[PDB]
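Beneath this line is the structure, given in structure tokens, with notes to follow.
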Amino acid sequence: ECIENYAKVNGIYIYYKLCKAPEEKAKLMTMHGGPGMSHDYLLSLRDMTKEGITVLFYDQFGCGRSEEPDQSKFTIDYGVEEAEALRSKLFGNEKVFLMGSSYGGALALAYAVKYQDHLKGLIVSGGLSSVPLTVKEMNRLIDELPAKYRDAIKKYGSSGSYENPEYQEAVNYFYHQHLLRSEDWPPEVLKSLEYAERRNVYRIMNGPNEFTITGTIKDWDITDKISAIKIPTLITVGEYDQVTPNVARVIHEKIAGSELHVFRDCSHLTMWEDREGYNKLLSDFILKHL
Ligand code: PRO
Ligand code: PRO
């Protein structure tokens, strides 16, 4: 049982769950993917507390339990100013370890470029610095899928017929291959997905699905700026992650001293596929740069 509460940031209420660590050695701020999902599917990281690591979970604007601002503010740039404000409001000047998953990773990167002075380390899992690149890679993944699912994605996708059952099949197949490779997904994940579909952030900023980025982040690309990051950076990417290792490499190539860890048999939600290993490597990294 962690403490849950509402924080008023930039004129709106943001829900956050703080799981303090007994003999806390450091704090970890987390950023969920999407955009438009929730912190829920990241709960697995809570195990970090037993390692003396406090973990801050929170639903970004318009996500999960938080309220949406003006649509004109559905941007990554705003998401950054939201993270800082929360950081500043919840912890003050105390520096912290920022972690970002998927979109949260791209968001985390944008944050570091501006407020790395408030960070001690950066952990990017399945993240990205360029949306277009992430898109071209996924396309390769699609063409690598069974003909039926590949032609169903191109056929029904070019028409916006995402409701199509066949299209749906191709989507879930893709997910059970590059999003999460396991029989039954944990409730935590299903809720984040449930949230993305309930709120309006995922529909506007991201688009129809994971491999269909028609949202307002279509052209985003700060690969040319992530180079200014100097803090201890840890990058992870599933072997079959929807955001391919090539996307993780481009990042790891711009951040000197960064580490790249490709988890075998894992995909996107590596924190669930390999909970132990994931939580381990992340805590090891942190406990190395206090
Ligand atoms: O977490 C997400 O939704 C981003 C955008 C699609 C690929 N990964
Ligand atoms: O139906 C889909 O594929 C989208 C993907 C995120 C959750 N719902």
Side-chain angles (χ1 to χ4, degrees), residues 30-42 59-60 62-64 74-76 79 99-110 124-142 145 149 152-153 156-157 160-180 185-222 235-238 240-248 250-251 266-272:
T30 58
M31 294 169 154
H32 64 236
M37 292 179 96
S38 72
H39 82 287
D40 296 283
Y41 81 109
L42 289 179
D59 299 339
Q60 303 155 193
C63 305
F74 279 34
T75 77
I76 297 187
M99 176 282 167
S101 176
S102 212
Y103 162 81
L107 177 73
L109 282 172
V124 178
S125 300
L128 57 128
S129 59
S130 170
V131 176
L133 168 80
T134 308
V135 169
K136 90 132 182 186
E137 271 294 285
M138 292 195 267
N139 283 179
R140 176 175 68 70
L141 282 301
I142 289 168
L145 291 181
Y149 301 140
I153 286 177
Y156 299 93
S161 313
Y162 312 110
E163 330 73 32
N164 180 60
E166 282 167 278
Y167 189 84
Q168 299 279 54
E169 294 187 59
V171 180
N172 239 297
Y173 183 85
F174 181 99
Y175 282 7
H176 279 291
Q177 200 71 192
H178 306 297
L179 187 73
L180 218 184
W185 299 354
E188 289 74 359
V189 175
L190 300 183
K191 182 166 286 177
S192 291
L193 299 168
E194 247 293 71
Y195 270 129
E197 185 160 344
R198 257 64 183 292
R199 306 305 295 271
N200 295 293
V201 174
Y202 194 70
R203 179 179 60 75
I204 300 172
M205 284 187 66
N206 176 274
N209 53 63
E210 290 299 65
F211 51 76
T212 309
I213 309 310
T214 60
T216 48
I217 62 161
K218 180 193 66 184
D219 300 319
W220 195 71
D221 181 355
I222 58 159
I235 306 168
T236 65
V237 63
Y240 315 106
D241 199 327
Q242 59 177 209
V243 192
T244 68
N246 293 89
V247 182
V250 173
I251 296 179
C266 294
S267 67
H268 196 53
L269 306 194
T270 175
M271 57 287 286
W272 291 102

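Positions are given from 1, in the same order as the sequence printed here. What's counted below: heavy atoms across the whole structure, side chains too, no hydrogens, waters or symmetry copies. Order of appearance sets the numbers: ligands from 1, and atoms from 1 within every ligand.
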*Does the N or O separation between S102 and ligand 1 drop below 3.5 Å for any pair?*
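So ligand 1 has an N or O lying under 3.5 Å from an N or O of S102.
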*Check: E210 N/O within less than 3.5 Å of ligand 1 N/O*: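 In this structure, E210 places an N or O atom under 3.5 Å from an N or O of ligand 1.
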_With rounding to the nearest 0.5 angstrom, report the OH to CD distance, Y149 to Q168._
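Between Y149 OH and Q168 CD, I get 13.0 Å after rounding to 0.5 Å.
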Quick check against the 3.5 Å criterion: does [X] have a side-chain atom that pairs as donor or acceptor with the backbone of [Y]?
X: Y41; Y: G33; answer: yes
X: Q60; Y: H32; answer: yes
X: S129; Y: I222; answer: no

*What part of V131, side chain from CB on, backbone N/CA/C/O, both or neither, has a heavy atom under 4.0 Å from ligand 1?*
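No part of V131 comes within reach of ligand 1.
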*Of the side chain and backbone of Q242, name the one, both, or neither that has a heavy atom under 4.0 Å from an atom of ligand 1.*
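It is the side chain that touches ligand 1; the backbone stays farther off.
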_Residue-ligand contact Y202/ligand 2, heavy atom below 4.0 Å_ =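 True for this residue.
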_Under a plain distance cut-off of 3.5 Å, with no hydrogens placed, do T236 and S125 share a side-chain donor-acceptor pair?_
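The criterion, which ignores hydrogens and geometry beyond distance, is satisfied for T236 and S125.
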*Side-chain contact, heavy-atom cut-off 4.5 Å: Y103 with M37?*
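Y103 vs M37: side chains apart.
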*Going through the distances and angles, do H39 and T30 end up as a side-chain hydrogen bond (donor to acceptor under 3.5 Å, both in side chains)?*
CA-CA 8 Å; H39 82 287; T30 58; over 6 Å; no
*side chain to side chain contact (heavy atoms under 4.5 Å, CB included) between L141 and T244, intermediate numbers included*: CA-CA 9 Å; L141 282 301; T244 68; 3.4 Å; yes
*Numbered atoms and elements of ligand 1 in range of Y103, under 4.0 angstrom, heavy atoms*: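 Ligand 1 atoms under the 4.0 Å threshold to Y103: 1 (O).
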*Which of the atoms in ligand 1, numbered in the order shown and given with their element, are less than 4.0 Å from a heavy-atom of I213?*
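Near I213, the atoms of ligand 1 are 5 (C), 6 (C).
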*By number and element, which atoms of ligand 2 are closer than 4.0 Å to a non-hydrogen atom of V171?*
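The list of qualifying atoms is 3 (O).
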*Ligand-side contact atoms (ligand 2) for residue partner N209, heavy atom cut-off under 4.0 Å*: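 Numbered from 1, ligand 2 contributes 3 (O), 5 (C).
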_Taking 4.0 Å as the limit for heavy-atom contacts, which would you say applies to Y162 with ligand 2: side chain only, backbone only, both, or neither?_
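Near ligand 2, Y162 shows nothing, with every heavy atom at 4.0 Å or more.
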Protein heavy atom at shortest distance from [atom]:
atom: atom 2 (C) of ligand 1; answer: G34 O, 2.7 Å
atom: atom 5 (C) of ligand 2; answer: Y175 OH, 3.0 Å
atom: atom 8 (N) of ligand 2; answer: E197 OE1, 3.9 Å
atom: atom 4 (C) of ligand 2; answer: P208 O, 3.6 Å

_Please find the pair of heavy atoms, one from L109 and one from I251, that lie closest to each other, and give the distance._
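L109 and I251 have their closest heavy atoms at CD1-CD1, 3.8 Å.
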*If you measure from each heavy atom of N206 to ligand 1, is any distance below 4.0 Å?*
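Yes; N206 lies near enough to ligand 1 that a heavy-atom distance drops under 4.0 Å.
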For residues 205-214, please give each side-chain donor-acceptor pair under 3.5 Å, one per line with the distance, not counting sequence neighbours.
residue, atom, partner, partner atom, Å
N206, OD1, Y202, OH, 3.2
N206, ND2, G34, O, 2.9
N209, OD1, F211, N, 2.9
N209, OD1, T212, N, 2.8
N209, OD1, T212, OG1, 2.5
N209, ND2, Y167, OH, 3.0
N209, ND2, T212, OG1, 2.8
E210, OE1, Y202, OH, 2.9
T212, OG1, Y167, OH, 3.3

